[PDB]
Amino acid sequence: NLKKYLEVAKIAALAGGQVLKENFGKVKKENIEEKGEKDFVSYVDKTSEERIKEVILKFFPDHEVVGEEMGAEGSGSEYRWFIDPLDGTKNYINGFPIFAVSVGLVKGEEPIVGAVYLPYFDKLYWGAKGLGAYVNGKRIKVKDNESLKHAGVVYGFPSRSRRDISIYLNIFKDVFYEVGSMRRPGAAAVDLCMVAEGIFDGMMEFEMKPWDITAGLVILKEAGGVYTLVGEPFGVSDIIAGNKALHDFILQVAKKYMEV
């Protein structure tokens, strides 16, 4: 029952990804709009989102689509798509090629289908409930490691955050002291996929929106990973994820400094 949703997710992610490909390296300061204090958006994000939404609604006209840049369209369906048309906008504008398109479907409150496309590397991560997780048609799974000194952890948190920065610096410092490496690549959907692929053992990302994480959560769960979502799923949330050992370790650190 999920296969058609999954193939459409992938096509929609590719459709937005093509916009990203055609414009990579072309976005000048003249084209950047400010959102809030530190966020940027351009015609690239918005055009990608238009294309993704169009694809999804042509196949599933009664579905709801929720995108970062232009909001929601639909009439109240239990099938809700959460779309980040450009995850890694700052990286994209700078020419740092860690950026993605994220297309995730939830049924009620359960994430069931995900596709995350990295256009610069032509790498498509995908997965659906009960069907497994894949990158370009190779099956993927989280790494088995439980040794903290061998673990790698990806992290992110915003500047000008809702929480005091000290909370994130304290969680960071305690995890940093124990693990082999910590990396901050700047695209949360890609971080989830790299845990799912078995590159990083754990991840902690703060102040996420549902389009940041929905597709990656499907892929992570199908890869055997586990996660904890702190806060409101349809609002601003925090994600702690990994294999079982690193999820548990990061969560126990975070609990000293914030309620989870």
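Each residue number is its position in the shown sequence, starting from 1.
Novice: May I ask you to compare 115-123 and 75-83 by their mean CA B factor in the entry and name the higher one?
Specialist: Stretch with the greater average CA B-factor: 75-83.
Novice: Report the stretch with the higher mean CA temperature factor, choosing between 59-67 and 215-223 on the basis of the entry.
Specialist: According to the entry, 59-67 carries the higher average C-alpha B-factor.
Novice: Can you tell me which of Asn91, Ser166, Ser181, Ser102 has the highest Cα temperature factor in the record?
Specialist: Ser166 has the highest C-alpha B-factor of those listed.
Novice: Among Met208, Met203, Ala196, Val27, single out the one with the highest C-alpha B factor in the record, please.
Specialist: It is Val27.
Novice: Mind checking which third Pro185 falls in for C-alpha B-factor across the chain?
Specialist: Lowest third - that is where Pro185 ends up once the chain's C-alpha B-factors are sorted.
Novice: Just say lowest, middle or highest third for the CA B-factor of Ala133 relative to the other modelled residues in its chain.
Specialist: For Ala133, the deposited C-alpha B-factor lands in the middle third.
Novice: Should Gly156 be placed in the lowest, middle or highest third of its chain by the C-alpha B factor in the entry?
Specialist: For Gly156, whose C-alpha B-factor we compare with every modelled residue in the chain, the answer is the lowest third.
Novice: Please rank the C-alpha B-factors of the chain's modelled residues and tell me whether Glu37 sits in the lowest, middle or highest third.
Specialist: Its C-alpha B-factor, which the entry lists for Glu37, ranks in the highest third among residues of this chain.
Novice: Which third, lowest, middle or highest, does the C-alpha temperature factor of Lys141 belong to within its own chain?
Specialist: For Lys141, whose C-alpha B-factor we compare with every modelled residue in the chain, the answer is the middle third.
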